[PDB]
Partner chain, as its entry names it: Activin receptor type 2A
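Take a look at this one chain, the form deposited without its partner chain, written out in structure tokens.
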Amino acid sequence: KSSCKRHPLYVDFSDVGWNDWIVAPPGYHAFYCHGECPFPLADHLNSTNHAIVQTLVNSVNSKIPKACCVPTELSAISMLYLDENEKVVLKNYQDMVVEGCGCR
């Protein structure tokens, strides 16, 4: 009973394992997507045709799931870490951060 939106989430590395393979940063703001995909999917949910069709079918046949609230735009962050040979390395990491969310 609240719709697809982005939600805050900070991922602390020490706090989950990778304290000691990742020199920098110690964490980063990842965000995540969650919420209802109701009928009708509004404009700001950036739905596909498939998802709009599926929402209508779910409303007539409940064995077919509703669309899911998921990231529709992600961005990169770079990290400093030590690898499988253990050199200190700078690396871009793709699709780390949720920039916006939609019903897909």
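For clarity, a rigid core is taken as the largest C-alpha set superposing within 1.5 Å between two forms. Positions refer to the first chain, counted from 1.
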When the core is superposed, where do the C-alphas shift more in 8 other deposited structures of this protein: in 75-83 or in 22-30? 75-83
So which moves more in 8 other deposited structures of this protein by CA, 32-40 or 66-74, given a superposition on the core? 32-40
Where do the C-alpha atoms have the higher mean temperature factor in this entry, in 79-87 or in 7-15? 79-87
If you rank the chain by CA B-factor, which third does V23 end up in: lowest, middle or highest? highest
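A second form of this protein, the form deposited with its partner chain bound, is not displayed here; the remarks below concern that form.
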Taking its partner chain in the deposited complex and a 4.5 Å non-hydrogen atom cutoff, the residues of 1-35 making contact are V23, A24, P25, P26, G27
